[PDB]
2 protein chains.
Amino acid sequence: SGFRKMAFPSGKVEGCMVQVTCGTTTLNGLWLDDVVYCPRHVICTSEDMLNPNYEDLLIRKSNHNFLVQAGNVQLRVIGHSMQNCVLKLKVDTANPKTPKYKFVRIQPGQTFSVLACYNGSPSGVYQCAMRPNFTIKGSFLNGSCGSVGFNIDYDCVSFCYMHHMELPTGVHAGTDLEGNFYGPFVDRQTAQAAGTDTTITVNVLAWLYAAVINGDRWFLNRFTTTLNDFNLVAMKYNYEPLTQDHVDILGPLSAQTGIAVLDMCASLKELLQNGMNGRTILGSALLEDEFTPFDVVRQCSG
Amino acid sequence: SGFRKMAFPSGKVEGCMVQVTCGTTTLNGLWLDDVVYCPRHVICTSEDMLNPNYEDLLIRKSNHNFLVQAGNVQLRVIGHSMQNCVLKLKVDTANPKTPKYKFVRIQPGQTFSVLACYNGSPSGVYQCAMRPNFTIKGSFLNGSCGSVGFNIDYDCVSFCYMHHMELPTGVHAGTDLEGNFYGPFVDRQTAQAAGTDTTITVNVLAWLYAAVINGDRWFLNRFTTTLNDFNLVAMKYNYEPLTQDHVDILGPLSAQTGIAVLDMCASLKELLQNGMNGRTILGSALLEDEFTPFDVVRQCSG
Ligand SMILES: Cn1cnc(Cn2c(=O)nc(Nc3cc4cn(C)nc4cc3Cl)n(Cc3cc(F)c(F)cc3F)c2=O)n1
Ligand SMILES: Cn1cnc(Cn2c(=O)nc(Nc3cc4cn(C)nc4cc3Cl)n(Cc3cc(F)c(F)cc3F)c2=O)n1
Ligand code: NA
Ligand code: NA
């Protein structure tokens, strides 16, 4: 029993983190096989960060302008290339701790673990969701550029996020590992705005199922609703609309608890219209939306 | 910016987890140097779990009744001894991934990371606090017995918790790594009750400082209070009393924010008497008490 914000074990990723310095600019990189992946922003000097011309800046560098440090060992850069917003540094040593891995772009609403790193050293691990406005509500200080987000499927690390910047509202933005931004952001040191965020409805329903599994049942009720009446209320409250795909995804949890999805939707409609009135669910006084159906199954069934 | 439930990176511990089986009873163990540490409950059969006589049960076993599996490799048990509630299995191979480590007993109110494991394999990592009633509000399924809790100080893993059981209320109890229980529990499969829990006041104040650092300031006010008037209100609300030691521990955070501890106490007194009225702090609608002053500093300053 119990329900916590649970991250994936980070050891397989920790062995891939390095420090990358170009001049006095320094950040984290990811060392897989004989390539180091890092934000191309590392090739900027102070003057360059506000409005860089990356193709120009890269032409002016040589392999020896790049200092890669893997703990004590320095790694020899033998080639470099740019792919969208990442830089790929070819090094002369393949990382012997390279896990089985793949590069995967995630969708809004999906969760992943973040390994926060500073000067190439892992500092902490936490779980977070990609928000509908393509930002994450992370926890990052100066120096965390290049930290990665990942999921684990069996023995395979799926890398899905490389951290680039903090926006003025204190939320975070980054790219997939092919260097393509999540959201309408660009890698320059200018103020950019995220679009308005929304609540991830299918995740809130998954978390209500988790509560029932853990014995929190006070919000349940005898009523049912239809997708359409639900979505008309949800829209009013800045909730993502629910689809029949969402309903099938919640299948295993409906099975395990015997409560139909549209039955649980009727409970959610009640909570939205009446609030919770000082009761809590799984120790929270707000509706949680950062746990996926799969997160709940992984944690409440194994 | 941002503030998350952040665990320590788990790689150094992941390499120490093994599976221990005695008969058909199986659970997790911790392999450091040439010793495997695990809950002595593993020597119980089904019939033995309700009221075991461990000294008898251990006399009847031989080194070959113990199957230790480190992934694929089986490890040869060459001696065994019992220390309080743990079993120490001497094996013929020293773990080459043994980190620098120490065994440390923590106090109520302190936090640690848990690596949840099943059949010797790491499944997830999360952060939690030792509650004042010596339980933890973990997240664990059948098969997690033997999972460990730890902190990291530089390069040194401090092990502080070995998981044994879930109590009827769904909270968890275990021992330090010398086998001594936290709290008034015993390792038998009987219903035991935890004492009443209380809110960890110094942690709530640390979390309010974190909020101010992240720009949440609405609860602040011009008033101050004294330790004594504060403690008379706190007691009423089932909060741990605050000591002058707690006040000095909050020192760095008072410095960084310019708000004196007894000034922040006056804000806490207000929140306790008036509630929060649908406002949130750091994304929560409840007062959080699972972050220590040191957790806040580590995460908000580096
Ligand atoms: C508070 N916060 C939360 N997340 C972040 C991440 N982040 C960061 O760590 N560093 C950045 N700029 C740099 C400055 C440097 C100074 N030196 C010596 N070396 C430096 C290297 C970096 Cl990367 N930034 C800003 C930033 C980074 C980008 F990659 C980008 F495309 C635009 C940006 F504005 C930053 O957000 N800080
Ligand atoms: C739901 N939950 C949350 N945490 C726990 C931890 N836990 C556990 O994993 N296992 C236990 N009993 C066993 C049964 C076995 C059946 N086989 C084949 N092998 C088994 C091994 C174990 Cl350890 N228990 C119960 C338990 C374990 C103890 F170590 C103890 F001292 C008293 C107890 F009641 C358990 O709580 N389950
Ligand atoms: Na209902
Ligand atoms: Na005040």
# chains A, B, ... in the order shown; residues from 1 in each chain; ligands from 1
$ residues_near_ligand --ligand "ligand 3" --cutoff "6 Å" --atoms "only C-alpha atoms and all ligand atoms" --output "number ranges by chain"
A: 220-224, 263-264, 266-267
$ calpha_fit_and_write --fixed "chain B" --moving "chain A" --output "tab-separated table (two decimals) with C-alpha atoms, in the first residue's frame"
chain	number	residue	atom	x	y	z
A	1	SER	CA	13.63	27.61	-9.52
A	2	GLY	CA	10.96	25.03	-8.64
A	3	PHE	CA	10.61	22.62	-5.73
A	4	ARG	CA	10.06	18.85	-6.10
A	5	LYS	CA	10.17	15.74	-3.90
A	6	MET	CA	13.75	14.93	-4.89
A	7	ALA	CA	15.52	11.66	-4.08
A	8	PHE	CA	19.25	10.93	-4.13
A	9	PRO	CA	20.62	9.23	-7.25
A	10	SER	CA	20.31	5.52	-6.60
A	11	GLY	CA	23.07	3.95	-8.73
A	12	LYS	CA	25.48	3.28	-5.87
A	13	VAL	CA	22.83	1.31	-4.05
A	14	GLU	CA	21.41	-0.47	-7.09
A	15	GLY	CA	24.63	-2.41	-7.47
A	16	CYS	CA	24.29	-3.78	-3.95
A	17	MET	CA	20.81	-5.33	-4.21
A	18	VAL	CA	20.47	-9.14	-4.33
A	19	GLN	CA	17.76	-11.74	-3.96
A	20	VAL	CA	17.80	-14.06	-0.92
A	21	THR	CA	15.73	-17.28	-0.75
A	22	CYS	CA	15.46	-19.76	2.11
A	23	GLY	CA	13.14	-22.55	1.12
A	24	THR	CA	10.19	-20.89	-0.54
A	25	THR	CA	10.56	-17.60	1.42
A	26	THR	CA	12.24	-14.93	-0.67
A	27	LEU	CA	13.11	-11.27	-0.20
A	28	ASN	CA	15.74	-8.66	-0.91
A	29	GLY	CA	19.19	-8.35	0.58
A	30	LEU	CA	22.02	-5.86	0.62
A	31	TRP	CA	25.46	-7.10	-0.51
A	32	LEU	CA	28.39	-5.08	0.81
A	33	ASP	CA	32.00	-6.42	0.78
A	34	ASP	CA	31.54	-10.16	1.40
A	35	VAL	CA	28.39	-9.92	3.56
A	36	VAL	CA	24.70	-10.03	2.59
A	37	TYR	CA	22.37	-8.29	5.06
A	38	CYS	CA	18.69	-9.19	5.02
A	39	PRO	CA	15.67	-9.38	7.33
A	40	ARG	CA	15.93	-12.51	9.46
A	41	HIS	CA	12.24	-13.18	8.65
A	42	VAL	CA	13.56	-15.00	5.55
A	43	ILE	CA	14.26	-18.11	7.65
A	44	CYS	CA	10.55	-18.47	8.44
A	45	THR	CA	8.31	-20.88	6.59
A	46	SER	CA	4.63	-20.03	6.28
A	47	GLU	CA	3.92	-21.76	9.63
A	48	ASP	CA	6.73	-19.91	11.34
A	49	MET	CA	5.81	-16.34	10.39
A	50	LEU	CA	3.11	-15.80	13.02
A	51	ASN	CA	5.19	-16.52	16.10
A	52	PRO	CA	8.76	-17.44	15.17
A	53	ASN	CA	11.47	-18.59	17.49
A	54	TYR	CA	14.38	-17.28	15.49
A	55	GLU	CA	17.19	-18.82	17.56
A	56	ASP	CA	15.64	-22.29	17.02
A	57	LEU	CA	14.95	-21.72	13.35
A	58	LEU	CA	18.52	-20.52	12.70
A	59	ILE	CA	20.09	-23.56	14.47
A	60	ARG	CA	18.26	-25.83	12.00
A	61	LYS	CA	19.71	-24.25	8.91
A	62	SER	CA	22.88	-24.84	7.01
A	63	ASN	CA	24.77	-22.52	4.69
A	64	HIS	CA	23.32	-24.43	1.70
A	65	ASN	CA	19.69	-23.72	2.69
A	66	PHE	CA	20.34	-20.10	1.51
A	67	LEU	CA	20.11	-19.19	-2.19
A	68	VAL	CA	21.56	-15.72	-2.93
A	69	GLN	CA	21.21	-14.43	-6.46
A	70	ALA	CA	23.00	-11.36	-7.80
A	71	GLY	CA	21.26	-11.11	-11.17
A	72	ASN	CA	22.53	-14.19	-12.97
A	73	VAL	CA	25.42	-15.04	-10.65
A	74	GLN	CA	24.57	-17.23	-7.66
A	75	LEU	CA	26.68	-16.46	-4.57
A	76	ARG	CA	28.09	-19.14	-2.28
A	77	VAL	CA	27.02	-18.77	1.36
A	78	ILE	CA	29.89	-19.77	3.65
A	79	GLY	CA	28.64	-18.64	7.05
A	80	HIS	CA	25.67	-17.01	8.70
A	81	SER	CA	24.95	-15.11	11.90
A	82	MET	CA	22.05	-13.17	13.32
A	83	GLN	CA	22.36	-9.66	14.68
A	84	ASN	CA	19.11	-8.48	16.34
A	85	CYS	CA	16.55	-8.52	13.49
A	86	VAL	CA	18.90	-8.85	10.55
A	87	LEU	CA	20.69	-11.90	9.20
A	88	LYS	CA	24.32	-11.56	8.02
A	89	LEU	CA	25.25	-14.07	5.26
A	90	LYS	CA	28.99	-14.43	4.69
A	91	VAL	CA	29.54	-15.13	0.98
A	92	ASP	CA	32.68	-16.18	-0.86
A	93	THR	CA	32.82	-13.15	-3.24
A	94	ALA	CA	33.20	-9.54	-2.19
A	95	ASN	CA	30.88	-7.25	-4.16
A	96	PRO	CA	33.17	-5.29	-6.55
A	97	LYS	CA	30.60	-2.45	-6.64
A	98	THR	CA	30.63	-1.85	-2.86
A	99	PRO	CA	30.53	1.96	-2.36
A	100	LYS	CA	32.04	3.80	0.51
A	101	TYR	CA	29.32	3.36	3.13
A	102	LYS	CA	28.31	3.66	6.75
A	103	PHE	CA	25.36	2.46	8.88
A	104	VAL	CA	23.56	5.40	10.59
A	105	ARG	CA	20.38	5.49	12.65
A	106	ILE	CA	18.17	8.45	11.83
A	107	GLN	CA	15.86	10.45	14.09
A	108	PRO	CA	12.15	11.22	13.62
A	109	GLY	CA	11.72	14.10	11.26
A	110	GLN	CA	14.74	13.26	9.10
A	111	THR	CA	14.35	12.30	5.44
A	112	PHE	CA	15.95	9.61	3.28
A	113	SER	CA	15.60	8.00	-0.12
A	114	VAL	CA	14.04	4.57	-0.52
A	115	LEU	CA	15.04	2.18	-3.33
A	116	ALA	CA	12.03	-0.12	-3.68
A	117	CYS	CA	13.05	-3.54	-4.86
A	118	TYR	CA	11.37	-6.78	-5.84
A	119	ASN	CA	13.17	-10.17	-6.31
A	120	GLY	CA	16.41	-8.35	-5.97
A	121	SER	CA	15.66	-5.87	-8.77
A	122	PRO	CA	15.38	-2.10	-8.23
A	123	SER	CA	11.95	-0.83	-9.23
A	124	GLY	CA	11.65	2.83	-8.13
A	125	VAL	CA	13.14	5.52	-5.90
A	126	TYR	CA	11.33	8.03	-3.73
A	127	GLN	CA	11.93	10.35	-0.77
A	128	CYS	CA	10.17	10.03	2.59
A	129	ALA	CA	10.53	11.09	6.24
A	130	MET	CA	10.73	9.05	9.44
A	131	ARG	CA	7.54	10.03	11.22
A	132	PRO	CA	7.48	10.99	14.92
A	133	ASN	CA	5.73	7.67	15.61
A	134	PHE	CA	8.64	5.79	13.97
A	135	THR	CA	6.75	4.63	10.86
A	136	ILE	CA	7.24	5.76	7.28
A	137	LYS	CA	4.46	6.50	4.80
A	138	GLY	CA	6.10	4.52	2.03
A	139	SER	CA	4.86	2.85	-1.13
A	140	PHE	CA	5.56	-0.85	-1.08
A	141	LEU	CA	3.92	-4.07	-2.40
A	142	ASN	CA	4.38	-7.69	-1.40
A	143	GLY	CA	7.93	-8.75	-2.08
A	144	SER	CA	9.57	-5.45	-1.05
A	145	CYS	CA	10.87	-6.78	2.30
A	146	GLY	CA	14.59	-5.95	2.54
A	147	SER	CA	14.46	-2.74	0.44
A	148	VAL	CA	16.73	-0.09	1.90
A	149	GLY	CA	16.67	3.64	2.74
A	150	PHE	CA	19.76	5.79	2.43
A	151	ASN	CA	21.26	9.27	2.21
A	152	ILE	CA	24.37	10.33	0.27
A	153	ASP	CA	27.06	12.64	1.80
A	154	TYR	CA	29.61	13.31	-0.99
A	155	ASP	CA	30.83	9.86	-2.06
A	156	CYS	CA	29.55	7.98	1.05
A	157	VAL	CA	26.25	6.09	1.19
A	158	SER	CA	24.68	6.26	4.68
A	159	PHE	CA	22.27	3.36	5.02
A	160	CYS	CA	19.58	4.04	7.59
A	161	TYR	CA	16.56	1.82	6.99
A	162	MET	CA	15.81	-1.76	6.01
A	163	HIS	CA	12.13	-2.38	5.20
A	164	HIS	CA	10.37	-5.22	7.07
A	165	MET	CA	6.58	-4.94	7.15
A	166	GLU	CA	3.37	-3.08	6.41
A	167	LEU	CA	1.14	-2.37	9.37
A	168	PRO	CA	-2.65	-2.63	9.17
A	169	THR	CA	-3.00	1.11	8.66
A	170	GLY	CA	-0.94	0.89	5.42
A	171	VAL	CA	2.22	2.54	6.86
A	172	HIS	CA	5.59	0.78	7.04
A	173	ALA	CA	8.04	-0.26	9.67
A	174	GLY	CA	11.59	-1.48	9.63
A	175	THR	CA	14.96	-1.51	11.33
A	176	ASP	CA	18.32	0.20	11.09
A	177	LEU	CA	21.06	-1.84	9.45
A	178	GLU	CA	22.22	-3.18	12.83
A	179	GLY	CA	18.83	-4.84	13.04
A	180	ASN	CA	17.22	-2.60	15.72
A	181	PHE	CA	13.61	-1.63	15.03
A	182	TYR	CA	12.48	1.93	14.65
A	183	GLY	CA	9.57	2.08	17.03
A	184	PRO	CA	7.95	-0.50	19.28
A	185	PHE	CA	7.50	-3.20	16.65
A	186	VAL	CA	8.60	-6.82	16.39
A	187	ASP	CA	9.27	-8.93	13.28
A	188	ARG	CA	6.30	-11.26	13.45
A	189	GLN	CA	3.23	-11.48	11.23
A	190	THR	CA	0.81	-10.10	13.81
A	191	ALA	CA	-1.25	-6.91	13.83
A	192	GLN	CA	0.69	-4.14	15.60
A	193	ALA	CA	-0.37	-0.58	16.09
A	194	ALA	CA	1.60	2.58	15.58
A	195	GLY	CA	1.23	5.42	18.07
A	196	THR	CA	-0.46	8.65	17.11
A	197	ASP	CA	1.50	10.73	14.69
A	198	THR	CA	2.25	14.46	14.86
A	199	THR	CA	3.25	17.13	12.34
A	200	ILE	CA	6.97	17.89	12.08
A	201	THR	CA	7.03	21.66	12.78
A	202	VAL	CA	10.62	22.50	11.91
A	203	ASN	CA	10.13	20.88	8.50
A	204	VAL	CA	6.95	22.90	7.88
A	205	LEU	CA	8.95	26.09	8.60
A	206	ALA	CA	11.72	24.93	6.26
A	207	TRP	CA	9.13	24.41	3.52
A	208	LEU	CA	7.65	27.90	4.09
A	209	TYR	CA	11.15	29.30	3.58
A	210	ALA	CA	11.41	27.32	0.35
A	211	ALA	CA	8.17	28.95	-0.78
A	212	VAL	CA	9.49	32.45	-0.12
A	213	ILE	CA	12.68	31.62	-2.05
A	214	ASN	CA	10.47	30.54	-4.96
A	215	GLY	CA	8.34	33.73	-4.78
A	216	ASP	CA	5.28	32.50	-2.83
A	217	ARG	CA	4.92	35.32	-0.22
A	218	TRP	CA	1.18	35.81	0.40
A	219	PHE	CA	1.17	34.22	3.89
A	220	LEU	CA	3.80	36.55	5.33
A	221	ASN	CA	2.76	39.21	7.86
A	222	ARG	CA	4.23	42.00	9.94
A	223	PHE	CA	3.86	40.22	13.33
A	224	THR	CA	6.35	38.27	15.46
A	225	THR	CA	5.74	35.73	18.27
A	226	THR	CA	7.80	34.02	20.99
A	227	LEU	CA	8.69	30.33	21.18
A	228	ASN	CA	6.25	30.00	24.05
A	229	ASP	CA	3.17	31.52	22.47
A	230	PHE	CA	3.92	29.60	19.31
A	231	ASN	CA	4.27	26.26	21.14
A	232	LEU	CA	1.01	26.81	22.97
A	233	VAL	CA	-0.79	27.12	19.66
A	234	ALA	CA	1.19	24.38	17.92
A	235	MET	CA	0.36	21.87	20.67
A	236	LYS	CA	-3.31	22.56	20.10
A	237	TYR	CA	-2.95	21.48	16.47
A	238	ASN	CA	-0.90	18.28	17.02
A	239	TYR	CA	2.40	19.87	15.94
A	240	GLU	CA	5.75	18.94	17.45
A	241	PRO	CA	6.92	21.63	19.87
A	242	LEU	CA	9.66	23.90	18.54
A	243	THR	CA	13.04	24.12	20.29
A	244	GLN	CA	15.85	26.63	20.23
A	245	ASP	CA	17.83	23.91	18.43
A	246	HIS	CA	15.20	23.95	15.68
A	247	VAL	CA	15.56	27.76	15.53
A	248	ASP	CA	19.34	27.57	15.03
A	249	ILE	CA	18.94	24.83	12.40
A	250	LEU	CA	16.71	27.20	10.37
A	251	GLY	CA	19.58	29.76	10.49
A	252	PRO	CA	20.83	29.56	6.90
A	253	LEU	CA	17.26	29.94	5.56
A	254	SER	CA	16.54	32.99	7.76
A	255	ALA	CA	19.79	34.55	6.48
A	256	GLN	CA	19.07	33.88	2.81
A	257	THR	CA	15.54	35.32	3.00
A	258	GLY	CA	15.89	38.01	5.67
A	259	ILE	CA	12.88	36.69	7.58
A	260	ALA	CA	13.50	35.81	11.22
A	261	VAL	CA	12.33	32.42	12.47
A	262	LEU	CA	9.92	33.88	14.99
A	263	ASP	CA	8.58	36.08	12.18
A	264	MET	CA	7.90	32.98	10.11
A	265	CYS	CA	6.39	31.31	13.17
A	266	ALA	CA	3.84	34.12	13.27
A	267	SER	CA	2.85	33.26	9.70
A	268	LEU	CA	2.53	29.57	10.62
A	269	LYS	CA	0.33	30.45	13.60
A	270	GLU	CA	-1.98	32.36	11.21
A	271	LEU	CA	-2.19	29.47	8.72
A	272	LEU	CA	-3.05	27.05	11.55
A	273	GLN	CA	-5.84	29.26	12.97
A	274	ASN	CA	-7.31	30.51	9.64
A	275	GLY	CA	-6.40	27.81	7.14
A	276	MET	CA	-5.37	28.72	3.62
A	277	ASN	CA	-8.76	29.52	2.02
A	278	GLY	CA	-8.13	27.99	-1.38
A	279	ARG	CA	-4.68	29.50	-1.81
A	280	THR	CA	-1.71	27.19	-2.36
A	281	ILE	CA	1.94	27.22	-1.32
A	282	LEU	CA	4.46	25.63	-3.71
A	283	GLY	CA	1.55	23.93	-5.45
A	284	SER	CA	0.13	22.35	-2.29
A	285	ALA	CA	-3.12	23.10	-0.42
A	286	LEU	CA	-1.78	21.47	2.77
A	287	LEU	CA	1.19	22.33	4.95
A	288	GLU	CA	4.02	19.99	3.93
A	289	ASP	CA	6.27	18.48	6.61
A	290	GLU	CA	8.54	16.02	4.76
A	291	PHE	CA	11.31	18.41	3.76
A	292	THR	CA	14.12	19.07	6.16
A	293	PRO	CA	16.03	22.41	6.46
A	294	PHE	CA	18.92	20.61	4.80
A	295	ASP	CA	16.66	19.30	1.98
A	296	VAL	CA	15.57	22.88	1.26
A	297	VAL	CA	19.14	24.22	1.22
A	298	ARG	CA	20.34	21.34	-1.01
A	299	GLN	CA	17.57	22.00	-3.49
A	300	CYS	CA	17.24	25.83	-3.42
A	301	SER	CA	20.94	26.81	-3.17
A	302	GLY	CA	22.91	23.77	-4.43
$ select_by_dssp --residues "region 29-241 of chain B" --states "strand (DSSP E)" --output "PyMOL selection string"
chain B and resi 29-32+35-39+66-70+73-75+77-83+86-91+100-103+111-118+121-129+148-153+156-166+172-175
$ select_by_dssp --residues "region 31-235 of chain A" --states "helix (DSSP H, G or I)" --output "PyMOL selection string"
chain A and resi 40-43+46-48+54-59+63-65+201-213+227-235
